[PDB]
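Before any comments, here is the structure.
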Amino acid sequence: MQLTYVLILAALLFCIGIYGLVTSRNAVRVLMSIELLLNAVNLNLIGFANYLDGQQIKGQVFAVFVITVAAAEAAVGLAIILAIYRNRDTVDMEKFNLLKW
Amino acid sequence: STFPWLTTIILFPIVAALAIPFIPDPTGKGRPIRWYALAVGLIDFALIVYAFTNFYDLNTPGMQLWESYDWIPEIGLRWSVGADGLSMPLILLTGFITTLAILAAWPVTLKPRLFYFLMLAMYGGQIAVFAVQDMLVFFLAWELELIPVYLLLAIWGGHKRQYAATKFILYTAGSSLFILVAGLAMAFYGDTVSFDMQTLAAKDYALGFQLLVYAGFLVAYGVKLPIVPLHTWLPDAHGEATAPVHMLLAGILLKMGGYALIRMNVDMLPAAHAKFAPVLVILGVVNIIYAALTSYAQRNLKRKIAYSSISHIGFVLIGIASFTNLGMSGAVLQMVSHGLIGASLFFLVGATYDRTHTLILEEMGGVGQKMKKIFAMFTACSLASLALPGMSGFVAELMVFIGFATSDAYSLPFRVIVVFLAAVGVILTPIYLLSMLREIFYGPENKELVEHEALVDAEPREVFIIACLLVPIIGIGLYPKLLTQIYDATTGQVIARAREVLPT
Amino acid sequence: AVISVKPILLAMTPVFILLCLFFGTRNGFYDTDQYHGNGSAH
Amino acid sequence: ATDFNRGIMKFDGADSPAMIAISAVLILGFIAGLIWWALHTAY
Amino acid sequence: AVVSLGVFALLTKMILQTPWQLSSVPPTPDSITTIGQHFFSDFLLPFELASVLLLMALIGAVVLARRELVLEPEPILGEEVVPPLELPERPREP
Amino acid sequence: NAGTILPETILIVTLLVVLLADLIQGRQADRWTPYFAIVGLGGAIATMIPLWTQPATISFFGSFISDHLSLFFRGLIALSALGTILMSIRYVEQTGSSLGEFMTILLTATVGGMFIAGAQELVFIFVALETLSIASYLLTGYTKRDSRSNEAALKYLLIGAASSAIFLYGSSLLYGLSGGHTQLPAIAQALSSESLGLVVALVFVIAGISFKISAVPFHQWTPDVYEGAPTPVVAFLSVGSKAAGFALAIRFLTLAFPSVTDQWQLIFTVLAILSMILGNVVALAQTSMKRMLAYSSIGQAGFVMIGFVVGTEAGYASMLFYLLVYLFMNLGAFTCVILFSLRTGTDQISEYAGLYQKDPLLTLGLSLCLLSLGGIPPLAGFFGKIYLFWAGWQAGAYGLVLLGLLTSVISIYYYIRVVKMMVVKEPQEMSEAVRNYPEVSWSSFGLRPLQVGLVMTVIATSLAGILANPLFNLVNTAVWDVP
Amino acid sequence: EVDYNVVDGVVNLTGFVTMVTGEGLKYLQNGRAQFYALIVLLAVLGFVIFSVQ
């Protein structure tokens, strides 16, 4: 394990999150696929902190704030789905195309 | 001398146009707002003749009301105004025809608080074009009559107002952008970022650059002055309109597209003129023959004279692009004389149509039996537009034919054919004018006279506005040095600007 | 030896001004029949 | 064009779209034939 | 599947060929002490804004998911009619 | 050293006072609590005038700068939330929602955008961008029983949190290309090589920078957020959440990437030559006013980038001033849509037809804010666009101004179409308000803040171009701190 | 008739190919917010092939 192998792990963990962001049909599976993107920018970030600037970690501080944002973005993010499910009694991203043109 | 005179005339209607919603007593139709807008027109025409008879100081080339106030030093623009010889006939004309356009706007009770606001705002937005010596104020003032003249044609217009109003704002704001583009092209040339109309003329340009600016200016000035490929906005915007609005379009608004050709395509770009000037006179010849046959074939009455106004304009092109002091003095006199003639025609189309309600020219016949003072007035104004001598229509076209074929610029096989081709308009203007007079007034065959056309009259106010406009038609046509002395010395330098370049 | 336009314009201004303010008061037919009414070319 | 064939001296009868194109090429050809004359005949 | 495979092949070409300046020093001198002297010297204003972000995320996520058992049929007022807890621009098709 | 974030910590105190009054008093507090947020936002503007003369300190150990540009963009974002609270005092109070809980999110997105304009580190940009973006998802779905705001809350989240993941991937590589160095002036001395890693770090951050401003390959949320969201929120996401995105584009691309500079002047050209096209031609076939004003602000964001890509001292000063007068147009256009939507329902075009004899303060109001957006003289948006094309024509860019002019004529057609269907339609062609206008009062709850919110913008629309010589010197002096 | 149909036909064609350009990109948005996430992600891939050469 070197610096390079963490980045190709992070660059692959990003693009499974992209594939779930575009293809997934459940409204909640898009939120889990967003969280994969917000871990690949963490796995890139600590891996940039261990091998570069190891003495004063500016990446592991910046790795803390990404977790707290994405925990606050998934707390907001599921409040929205739970407002839709009380009005539209399904969660189907091919059913929310009523603001078409 | 210290008092800002031209800054007053520009801003005094627009300042006093805003005091129209505060005028009291809306007890029914708008009477007190009709009289306030008329009186504020007249005391600005008095301000033009006070500033002209005391301060103009003629037979001097240049501006004599020169007030360069600082506005925004970052862009480099100032508030500069000034009246030279190519503009001071037209400041006087604008203050004369608009004050009658308020007086011809008397029967309007549709939206009279809104009508006289825009017309006073258009009275300031026309004097401001001829007066300013700048380029970002000139583009301001060019499109300052963009929104009031959209609304004057859309609310008080015929049928197909809205198709005529939005074809016009899209075609003029869709062509005013070349004023900004070419006005910025000369401003940044060299090293100075000067925007005054003097330093942009006194700057030296290259020849290859000058043909890009001239073709940019030509489309921006071929729309308003309707050079005949770029003319389709006019007979809708002039065809579907009321007579008080129409006097401001055909009387004055076409003259800005010809005023700006003399200022900014002959002074500033002389070697651009001398390369693409014979295209103008061919676009001036076809301006006469196309628009006189298009006027004849039309049966809508307001649309016949609307296409006629393109034809009288066709001598401004031959007058400008002939490099002679009598050709250019015959073009400026064409712009003044067509404004006085075209306002006196376009008032009486509305004065006829308000009684007979048709404009179709087939259901008419025997209109001259009922109304006589309308018939006697519409004969004297249509005779004025025949280029008939004793009126100013003939002397404006006499100098163009003489001025063109006396220039030592063109070759002889070209000058013979242009004078032979432009004089076909002499035959063609009595064909449609007199057949318009004949198929409305002359005849026994009246209308149904029951369902439509229940009334006929001639108001004693409406006889004034024609007899107010027929005085300076005849008074210029009997002694044209009543006008030629105003712009003798300034036109004599524009031709002196284009003579030293001419073998090119 | 030209007739100047300034004394013929300044002497024609205050007759043009005083005649519009009179001829506005005198009009006919644009208040009694007037079936054009409000909309001035409809 | 039905309002252009108003019941006075017009309606020659040649308002067909086959005539509109063949009237255009002579009229718009004469202006273009006169402009191309001008840049070579004047100077 | 083409954009996700496209981004992945794009990023791997970026990762390998870029020279990183990796240092041979020993990291983490007790990284809870040098991560806490960052929260109150340099990363202080992101640390105080994390408090403002989290309070807003509790005000917003409560009012978008709670039950409307206070007053579901509440015709509050009117100039023209508006339903309760809805934007007044009523849906309409031209 | 914390005297430079004093404009924001008057808003954080005001955030809590308008929240604590909601729990203590409970919807009887909405009679007085909107006017405390006005004196908090106005108190936040009033303390930058002592800071405007200060010599641009760099406070908080290098994490926040108080330059002249950071004082400017912190003024518009507080002013846009000042204009929004003037609108929303009756609108969301008419929905039935609690009024204290709406302003606590709105005065958090205000403090979010005030901290983007002066941020200097890669982490403080991201958190401040998050708290503006997190609060913007909650406001667009705040009505919560609409079946349109529900589907507009979710279209903004699955793109916003997506583009906040693309933006973080470019922030993380920018930390990795340099040897650490999360501050923005410390980055630019460390990277100068213009390799492939710097370009992927550049496009990944302008996929999140140019999402707040809605450039046209990333514009997709804006027409579908703007017709679903509550209308005062839309009035903030078009001025406040665009000045916050345009302030980040100058604080990032001129600090982090001055080595690569021929490329982000070329990517933002393709975002400029294409948002003027699709902002303006697609707004033609729009019926709703809130969806016409959606495609305007995509296209109006294309005019601002003409001053951006040229890169002159008159270039950036021309995009700062155009945002200064764009605040006086969308907050006067959206004021009148709100004022029309409260009187009658379905505020859409071809229902405005038949005005000018029923509520002529609206019709005079909405006209001068729609006409100025099309750039007719003498209003503010004529003088705003002239300084753009004077800035575009000064240094190259002969084709950017010309595309900004042929599409400034198509913009005339859809603004006039509302002005057509307000003042030219006869009293036999009105559909709603056929004696169905509510016989205007300006006496109920919060209507008089709306009346003062419209008159002080129409006055500030018509007179901002004639009186532009103060504002031209306030803006040109904010540009000497841009490299 | 060459006035009303040829030179009026060109001016009434500039106003026709811009109205049908508007109704062609009105269909660019169709709802389905995942499709909006493609164009954000495709343009990220586009500008990194655009700007490296």
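Protein chains in written order, with PDB author numbering: chain E, 1 to 101; chain D, 2 to 505; chain P, 2 to 43; chain Q, 2 to 44; chain G, 101 to 194; chain B, 11 to 493; chain F, 603 to 655.
By construction, the Cβ of each residue, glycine as well, lies at the ideal position given by its N, Cα and C atoms.
Could you check what DSSP says for D:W36 in three-state terms: helix, strand or coil?
-> helix
B:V270 (DSSP reduced to helix, strand or coil) | coil
Does the beta carbon of D:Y411 come closer than 8 Å to any beta carbon on chain Q?
-> yes
Within 8 Å (strictly less), CB to CB, does F:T616 reach chain B?
-> no
Does the separation of the CB atoms of D:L66 and D:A47 fall below 8 Å?
-> no
Look up D:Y488 in the DSSP assignment and say whether it is helix, strand or coil.
-> coil
Would you mind sorting D:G42 into buried or exposed? The rule is 16 or more other CB atoms within 10 Å of its CB.
-> Around the CB of D:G42, 16 or more other CB atoms lie within 10 Å, so the residue is classed as buried.
Within 10 angstroms of the Cβ of D:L7, are there 16 or more other Cβ atoms? Answer buried if so, exposed if not.
-> buried
Going by C-alpha distance, which of B:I169, B:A343, B:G394 is nearest B:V335?
-> B:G394
Could you tell me whether any Cβ in chain F is nearer than 8 Å to the Cβ of E:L78?
-> no
Please confirm if F:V650 has its CB atom under 8 Å from at least one CB of chain G.
-> yes
Use the C-beta contact count for G:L171: other C-beta atoms within 10 angstroms, 16 or more gives buried, fewer gives exposed.
-> Taking every protein chain shown into account, the CB of G:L171 has fewer than 16 other CB atoms within 10 angstroms, so this residue is exposed.
What are the residues that DSSP puts in a beta bridge with B:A129?
-> According to DSSP, B:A129 bridges with B:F74.
Within chain F, partners of G:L154 - CB distance below 8 Å | Neighbours of G:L154 on chain F: none; closest Cβ ~26 Å, over 8 Å.
Let me know the secondary structure DSSP gives D:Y70 once reduced to three states.
-> strand
Buried versus exposed call for B:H191 [16 or more other C-beta atoms within 10 Å across all chains shown] = buried
Under the rule that 16 or more other beta-carbon atoms within 10 Å means buried, what is D:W157, buried or exposed?
-> By the neighbour-count rule (16 or more Cβ atoms within 10 Å), D:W157 is buried.
Going straight from the alpha carbon of D:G343 to that of B:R458, what length do you get?
-> C-alpha of D:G343 to C-alpha of B:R458: approximately 51 Å in a straight line.
Partners in chain F for E:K58, counting only beta-carbon separations shorter than 7 Å = None at all; the shortest Cβ gap to chain F is about 26 Å.
Would you say B:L460 and B:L349 are within 8 Å of each other, going by their C-beta atoms?
-> yes
Using a cut-off of 9 Å between C-beta atoms, extract the partners of G:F140 located in chain E.
-> Per Cβ cutoff of 9 Å: no residues; G:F140 is ~11 Å from chain E at best.
If you measure beta-carbon to beta-carbon, which residues of the segment 20 to 37 of chain E are closer than 7 Å to chain F?
-> Hits within the stretch, in order: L21, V22.
Nearest chain E C-beta to F:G624 closer than 8 Å, yes or no?
-> no
Through-space distance from D:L346 to D:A155, alpha-carbon basis = 22 Å
Leaving out five residues on either side along the sequence, give the residues of the same chain with a beta carbon under 8 Å from the beta carbon of D:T193.
-> Exclusion of the five residues before and after D:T193 leaves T200, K204 as the residues of its chain whose Cβ lies within less than 8 Å of its Cβ.
Who are the neighbours of B:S173 on chain F, taking C-beta pairs under 8 Å?
-> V642
Which residues does DSSP pair with D:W80 in a beta bridge?
-> Answer is D:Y70, bridged to D:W80.
Of all Cβ atoms in chain D, is any one closer than 8 Å to the Cβ of B:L330?
-> no
Can you name the start and end residues of the alpha helix (DSSP H) that F:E625 belongs to?
-> 621 to 627
Give a yes or no on whether the C-beta atoms belonging to B:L281 and B:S205 are separated by under 8 Å.
-> no
Whole-Å CB distance - D:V368 paired with D:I441, under 8 Å assumed | Under the criterion of beta carbons closer than 8 Å, D:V368 and D:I441 qualify as touching, at roughly 5 Å.
Check whether the segment 10 to 17 of chain E touches the segment 29 to 44 of chain E, counting contact only when three or more Cβ pairs, one atom from each stretch, lie closer than 8 Å.
-> yes
Does P:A42 have its Cβ less than 8 Å from a Cβ in chain D?
-> yes
Spatial distance of B:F278 from B:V462 (CA atoms) | 38 Å
Identify, in the order they occur along the chain, each residue of the same chain with its Cβ nearer than 6 Å to the Cβ of B:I68, setting aside the five sequence neighbours on each side.
-> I75
In chain order, what residues of the segment 348 to 361 of chain B put their CB closer than 7 Å to some CB of chain F?
-> none
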